[PDB]
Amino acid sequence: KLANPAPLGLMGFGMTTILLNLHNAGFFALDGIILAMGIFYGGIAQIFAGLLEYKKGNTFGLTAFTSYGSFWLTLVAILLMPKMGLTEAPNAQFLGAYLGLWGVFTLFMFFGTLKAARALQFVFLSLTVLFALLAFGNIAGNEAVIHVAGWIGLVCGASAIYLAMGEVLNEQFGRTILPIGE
């Protein structure tokens, strides 16, 4: 059988999500830490994980990991293209619409997890909320909502890491080490 690529994808998503949202929560400025993780781990590694779902027959995983890997690359390009003299910093309402579209994608995909493990359902539920809060905060110009999105993002990202490690450990031992609501 082929390896399970989902833990790779979940880890890249989860760790990067936590780091971005430590900034959104207001602990840190928008550091190169986030941008670096967005490029290689949330971005490129997650895209690998999505592509690896193809031969596994997993349409959901292919769609999800490759899309959110692409999300991270788009976010980093949005943030860095002004540093390169290519564009201006984005209009925050337009950024909100973009985050909103990612939220709508996530909401539909959430309904797709309802016949899957509860842990995965929670990843997509909290991710839907995260995008919705980030979309609102940017469209309304409400920094308090962004701060709260940040905290939600910490839980979202942590839950993805939990799921990833539950999948690795449960496979390694051939039993439920970490329950993921299978």
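For every residue, the number given is its place in the sequence shown, counted from 1.
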On average, which has the higher Cα B-factor in the deposited entry, 87-95 or 74-82? 87-95
Between 54, 28, 124, 65, which carries the biggest CA temperature factor in the record? 28
Highest Cα B-factor in the PDB entry belongs to which of 60, 136, 48, 40? 136
Among the modelled residues of this chain, does the Cα B factor of residue 177 put it in the lowest, middle or highest third? highest
Tell me, lowest, middle or highest third: where does the Cα B factor of residue 34 rank within its chain? middle
What third of the chain does residue 21 rank in for C-alpha temperature factor, lowest, middle or highest? middle
Binned into thirds over the chain's modelled residues, the C-alpha B-factor of residue 148 lands in the highest
Chain-relative CA temperature factor third for residue 157: middle
